[PDB]
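This report refers to the structure that appears directly beneath it.
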Amino acid sequence: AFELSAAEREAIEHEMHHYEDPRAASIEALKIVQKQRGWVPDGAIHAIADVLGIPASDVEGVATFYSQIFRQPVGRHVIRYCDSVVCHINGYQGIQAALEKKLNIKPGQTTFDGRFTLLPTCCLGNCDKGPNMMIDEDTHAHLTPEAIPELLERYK
Amino acid sequence: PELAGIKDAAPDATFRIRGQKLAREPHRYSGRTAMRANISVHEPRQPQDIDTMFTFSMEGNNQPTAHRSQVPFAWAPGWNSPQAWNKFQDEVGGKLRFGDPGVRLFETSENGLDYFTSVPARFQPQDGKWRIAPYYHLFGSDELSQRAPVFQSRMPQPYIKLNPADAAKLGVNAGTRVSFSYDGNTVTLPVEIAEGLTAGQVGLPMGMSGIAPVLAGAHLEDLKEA
Amino acid sequence: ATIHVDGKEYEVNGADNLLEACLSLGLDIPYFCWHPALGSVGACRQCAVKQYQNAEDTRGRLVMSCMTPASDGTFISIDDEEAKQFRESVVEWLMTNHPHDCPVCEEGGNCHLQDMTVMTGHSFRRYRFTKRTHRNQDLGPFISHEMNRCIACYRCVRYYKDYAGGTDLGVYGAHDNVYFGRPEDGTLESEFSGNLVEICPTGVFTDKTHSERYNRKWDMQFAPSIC
Amino acid sequence: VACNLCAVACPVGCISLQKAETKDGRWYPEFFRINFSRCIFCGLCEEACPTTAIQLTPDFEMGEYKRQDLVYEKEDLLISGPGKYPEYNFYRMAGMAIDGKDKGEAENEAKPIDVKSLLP
Amino acid sequence: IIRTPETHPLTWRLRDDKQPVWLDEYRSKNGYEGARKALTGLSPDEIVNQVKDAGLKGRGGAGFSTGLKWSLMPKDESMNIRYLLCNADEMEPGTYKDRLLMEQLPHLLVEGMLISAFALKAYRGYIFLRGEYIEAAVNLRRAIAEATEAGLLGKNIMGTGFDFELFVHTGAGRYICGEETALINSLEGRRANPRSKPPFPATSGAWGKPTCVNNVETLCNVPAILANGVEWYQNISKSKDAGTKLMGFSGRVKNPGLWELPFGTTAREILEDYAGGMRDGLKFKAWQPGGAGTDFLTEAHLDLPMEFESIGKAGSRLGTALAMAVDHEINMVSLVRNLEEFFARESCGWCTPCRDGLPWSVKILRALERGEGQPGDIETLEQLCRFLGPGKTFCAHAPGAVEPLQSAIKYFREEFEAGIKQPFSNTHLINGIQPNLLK
Ligand SMILES: Cc1cc2nc3c(=O)[nH]c(=O)nc-3n(C[C@H](O)[C@H](O)[C@H](O)COP(=O)(O)O)c2cc1C
Ligand code: SF4
Ligand code: SF4
Ligand code: SF4
Ligand code: SF4
Ligand code: SF4
Ligand code: FES
Ligand code: FES
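Protein chains in written order, with the numbering used here: chain A, 966 to 1121; chain B, 354 to 579; chain C, 202 to 428; chain D, 155 to 274; chain E, 265 to 703.
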């Protein structure tokens, strides 16, 4: 049971006249559904395929190729801590240990109440202020393991 | 004389490759002293093939360079996959070496035909009569294929296809069982709505049980809800 | 054209790629991702030959023979040690995650991957880590699916999408987690979905009708017939 | 697992069998017959077995009155124990799912990672 | 440090309050004047010749000259459908210059890409930005609105008649999207798989049309070259490479950040002058010049200028010229493990050697981390690196992936041999079968 809304369909069409190929709006349509629901369910792939005209296999391959498009359901807030080389020099291991101590989950798993989802990510473009952690609209920098409980309590 | 080309389709039973016939089975055919041992421990006759150039046995020829066109299977030493056809071809992706099997019966004629002046009239949908539109299925039209038990799950259920306007005229919706009588026999089928069909026609699956392919292009009488 | 394979002169077609020209002459080159009907993409990295710029060259250059055209006066080598080492290494990398499934696999004795593993001479394993596994989709009553045996050679997607014009078979995921199949469980809707059992070099797509009453290829009594 | 390697490895061709499959997907022989009037006791079938199912035992007293009774079917060949190899199990190594072993539960196999997983 | 426009033509109009520069302040500081000069009195082929004379090279890391890339398009005038792309992906780790550029200077990039479109007759433009740059995307969209309301984009640009429009496409988090052919494939809406050469993206790029992709730094250095002359741009750095470069250090240093330096600057001159050295009690063990895809170098290679050819025979690459220093406390085994883990989880997985050999190297490094190394692991790493060179794989992502591996092998082999503790045991004993004792 899936149905694209009028606003989502209008946004997808608005992205569609930007390019000369309706296939080129597949990533942006998936991101639109991602913003408007939090994850891409099973019927959303078929809905995007029906709206765009490309087959559902292409939309499924695009959704599963990119890491920032989620096909499994997540919590209200996602945690994307950087684990690349500069943040490894800056010591993201203490941040990961503090996150696993607080949330009592594993990287890739979600909490029982859906409060947070612990994920690693790629480079965040904030090497000079590493380590960095990406929440939905915030790029937290200069992370310390003592400040992790203070930072996690401001998101509900 | 119009079928005189079938002699060249394949060579006769005296055809040999350096004296030996063509093997039906590979070189490592197994179990020959035990495949029939439950019936009798004495091995039976190897079946003699007087009709063709093949033998029902290991003892034959299946070399990729054999001067022949009828290749029973592709096998080469080190190429056990279907990629042994590369060994059995003159060039890969081209023809079979020493020519492809089969021969065309007739050549292209020098002079052609004339224009068929009989241009048909338009289709006029008459009331009470329904034109049968053939809807062929890859699984269900050829009779021997419907006999196959693995095709009975792949084939669709027999659905009679109707226009939305015709379905509105009879007042039947999708999935409803309607009955029709042809040659004095009433048969019922569930209705599927076809938007691409035209009015005055009715779609039927040719080849299925009870719906002969001869029904295509024929009128249909007494289309009513069951 | 004119090619020099290990010093031997060969006459081939100039428009052909080097792999198909060498296969036409009876020379054995391992290959997975190339099919005569599907074209070439150069994924499997299996058809390496060492090409030389001129007649007297020592180092040469390792090149892919399914991308290299068979131009006139093309000097290549197949059986030299560097190319054989690279092809054995590629087979070994394909063999890292491959399941221990040959006795219980319908492609045993009919497998392109088995033939190319044996042809490269790779028989000693030095991989001691874990092997990736995949869940098996249901593809209907004709095609049986087993994604553990895949080598990510992209022949199925090429045939089914580009050649056969299908719409419900694709590749998903990235790196070594690529999955070839439908987005969900269901029957492969193409009328030519059965050719995947010959396009696939491995046992991912197998004949389920044959799998019910299965026997190996050497045990089969074959005849040439017309459908 | 009815893989037919012993039957093809037999130089006399005195092994006949047919693959059957259970509901969980494991392979087994529907029947297994050996023509012991033809068998030369060379041990090539035991050498070719990838599961160590077929074995040759220290038993020579197989004399018979009728030659038809030298065809040993599956009920005469399958014994109650592991024979000369007490611990080997092929299905602990095979990467095909059966009852008691899901995908990733075989030896040296990681857990299956779905393409819809959240991990990068 | 005051950056005069005479030697710093890129970072002389910056603001120190961390606030973006809008259209008014950019127009006050020599905005859209050279672009007017080019669109009025200078032919597009003459702009191409000026780029040839200036010797502008690619800032993405390849070092390819911009003029040669611009001149590779065919001479057929019937192919009017032309695309210009700005590679604002910045997916390489250790690089953070484009975020700082876009947070305070979008209009310079817009103007430079406008000239690059006019010089190449490109009618459509796209900025491919990564998906984790939210404020950069907001600032770019506001710059689009301000330029469109001022007539800078669209139809009839100051009476020239050239039609051009720019759209911003956000990324979706994949490192392989940064490659040019993969960027073209991901722009079309398919999986970001690279394309083999032949063909070339200058002939058949986006949707088969002529399409050229340039870096943000190249498109921002273009206005300085065009407006302040060509011979003046040649008279900035006296070396084989002409121009300036965004440079800086990151990772356990006193003053990490971004500055602008000309070609020929030695790597030591950023350590104690701009970065001010490291923290307390840290020894210079290693450094890596061009982000995660470049070779590591030692202290003997620190006294070596940052050019392209200078690092060419040094056994490394210039890269993005944003180096990162590894001290003595950070073990190189864990660092190389993390680098290969990133390069394996963010690989595209098209071709066999990288796809099925980077996990093998990752597992070998995981074993070497825990002391579970076995004899036959380092040699496996060398064999994989030798069989992962330029052209041994489908593209150049994997040579850049195993450049750090071979560099840490060459310079720090003693740290990798310490992980080998147990003998090679691949098999387990099977009761009833005597093993073949290989010698
Ligand atoms: C694997 C790979 C990743 C790349 N990632 C980026 C990137 O994230 N951002 C970028 O500006 N260039 C990146 N590049 C470089 C360009 O995509 C391209 O290779 C070329 O060097 C661009 O030339 P330019 O500097 O003139 O724009 C990458 C190159 C490769 C091979
Ligand atoms: S696909 Fe080939 S190599 Fe893989 S298990 Fe089957 S027969 Fe063996
Ligand atoms: S499923 Fe088969 S054809 Fe498809 S990529 Fe894998 S090995 Fe190749
Ligand atoms: S021991 Fe007997 S059954 Fe086994 S291979 Fe030899 S002859 Fe055949
Ligand atoms: S006895 Fe062994 S070799 Fe013979 S079919 Fe069974 S598993 Fe295969
Ligand atoms: S080297 Fe790796 S990233 Fe590049 S094409 Fe091959 S699989 Fe993809
Ligand atoms: S390495 Fe973490 S922000 Fe760049
Ligand atoms: S056959 Fe050439 S790389 Fe696959």
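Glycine included, C-beta positions come from ideal geometry on N, C-alpha and C.
Under 7 Å by beta carbon: chain A residues contacting residue i
{"i": "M355 of chain E", "result": "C1087 and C1088"}
{"i": "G341 of chain C", "result": "Result: empty, since nearest Cβ-Cβ is about 16 Å, beyond 7 Å."}
{"i": "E452 of chain E", "result": "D986, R988 and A989"}
Where the beta strand (DSSP E) containing residue i begins and where it ends
{"i": "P526 of chain E", "result": "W523 to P526"}
{"i": "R405 of chain E", "result": "Premise fails: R405 of chain E lies in the alpha helix (DSSP H), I398 to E413, not in any beta strand (DSSP E)."}
{"i": "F185 of chain D", "result": "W181 to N189"}
{"i": "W483 of chain B", "result": "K482 to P487"}
{"i": "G556 of chain B", "result": "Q554 to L557"}
{"i": "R388 of chain E", "result": "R388 to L393"}
{"i": "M981 of chain A", "result": "Premise fails: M981 of chain A lies in the alpha helix (DSSP H), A971 to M981, not in any beta strand (DSSP E)."}
{"i": "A1063 of chain A", "result": "Segment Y1057 to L1068 is the alpha helix (DSSP H) holding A1063 of chain A; no beta strand (DSSP E) there."}
{"i": "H411 of chain C", "result": "Run containing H411 of chain C: none in the beta strand (DSSP E); it sits in the alpha helix (DSSP H), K409 to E413."}
{"i": "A249 of chain C", "result": "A249 to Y253"}
Where the alpha helix (DSSP H) containing residue i begins and where it ends
{"i": "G576 of chain E", "result": "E573 to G576"}
{"i": "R630 of chain E", "result": "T616 to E633"}
{"i": "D1015 of chain A", "result": "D1007 to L1017"}
{"i": "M596 of chain E", "result": "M596 to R609"}
{"i": "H1105 of chain A", "result": "Taken as a continuous stretch (DSSP letters only), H1105 of chain A belongs to no alpha helix (DSSP H), being part of the beta strand (DSSP E) at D1103 to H1105."}
{"i": "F680 of chain E", "result": "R677 to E681"}
Neighbour list for residue i in chain A, Cβ cutoff strictly below 8 Å
{"i": "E385 of chain C", "result": "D1007"}
Beta-carbon neighbours of residue i, restricted to chain E and to distances below 9 Å
{"i": "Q1001 of chain A", "result": "The contacting residues do not exist; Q1001 of chain A stays about 15 Å from chain E at best."}
{"i": "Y239 of chain D", "result": "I694, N695, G696 and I697"}
Contact set between residue i and chain B, taken where Cβ atoms lie within less than 7 Å
{"i": "residue 123 of chain D", "result": "An answer regarding residue 123 of chain D cannot be provided, because it is not within the stretch 155 to 274 covered by chain D."}
Proximal chain D residues relative to residue i, where beta-carbon distance stays under 9 Å
{"i": "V1039 of chain A", "result": "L272"}
Contact set between residue i and chain D, taken where Cβ atoms lie within less than 8 Å
{"i": "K332 of chain C", "result": "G249, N262, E263 and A264"}
{"i": "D420 of chain C", "result": "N158, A161 and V162"}
{"i": "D408 of chain C", "result": "Simply none; closest approach about 13 Å."}
{"i": "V394 of chain B", "result": "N189, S191, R221, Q222, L224 and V225"}
Beta-ladder partner(s) of residue i, from DSSP
{"i": "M588 of chain E", "result": "E:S514 and E:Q552"}
{"i": "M247 of chain D", "result": "None, per the DSSP bridge assignment."}
{"i": "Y373 of chain C", "result": "C:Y380"}
{"i": "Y347 of chain E", "result": "E:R388 and E:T475"}
Closer than 8 Å at the beta carbon, the chain C residues around residue i
{"i": "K255 of chain D", "result": "Residues of chain C passing the Cβ test: none, with the nearest at roughly 11 Å."}
Chain E contact residues for residue i, given Cβ-Cβ distances below 7 Å
{"i": "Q1033 of chain A", "result": "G395, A436 and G437"}
{"i": "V291 of chain C", "result": "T616 and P617"}
{"i": "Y242 of chain D", "result": "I694"}
Cβ-Cβ separation, residue j to residue i (assumed contact under 8 Å), whole Å
{"i": "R246 of chain D", "j": "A264 of chain D", "result": "That pair is no contact at about 16 Å."}
{"i": "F428 of chain E", "j": "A381 of chain E", "result": "5 Å"}
{"i": "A156 of chain D", "j": "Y182 of chain D", "result": "6 Å"}
Chain-ordered chain A contacts of residue i [CB-CB under 9 Å]
{"i": "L370 of chain C", "result": "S1022"}
Contacts of residue i in chain C (Cβ-Cβ under 9 Å)
{"i": "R609 of chain E", "result": "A375 and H376"}
{"i": "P623 of chain E", "result": "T297, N298, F330, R333, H376 and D377"}
Contact the stretch 636 to 650 of chain E vs the stretch 530 to 537 of chain E: 3+ CB pairs below 8 Å: no
Segment contact flag, the stretch 348 to 361 of chain E with the stretch 505 to 516 of chain E, C-beta cutoff 8 Å, min 3 pairs: yes
contact_flag[the stretch 296 to 316 of chain C, the stretch 239 to 250 of chain C] where n(CB pairs < 8 Å) is 3 or more: no
Cβ pair count under 8 Å reaching 3, the stretch 618 to 632 of chain E against the stretch 386 to 405 of chain E: no
Inter-stretch contact (C-beta, 8 Å, three-pair minimum) for the stretch 460 to 476 of chain E and the stretch 344 to 358 of chain E: yes
The stretch 430 to 441 of chain B / the stretch 400 to 411 of chain B touching (three or more Cβ pairs under 8 Å): no
At least 3 beta-carbon pairs within less than 8 Å: the stretch 274 to 284 of chain C vs the stretch 605 to 623 of chain E: no
Given 8 Å, three or more beta-carbon pairs between the stretch 412 to 421 of chain E and the stretch 332 to 344 of chain E: no
Contact the stretch 245 to 254 of chain C vs the stretch 548 to 568 of chain B: 3+ CB pairs below 8 Å: no
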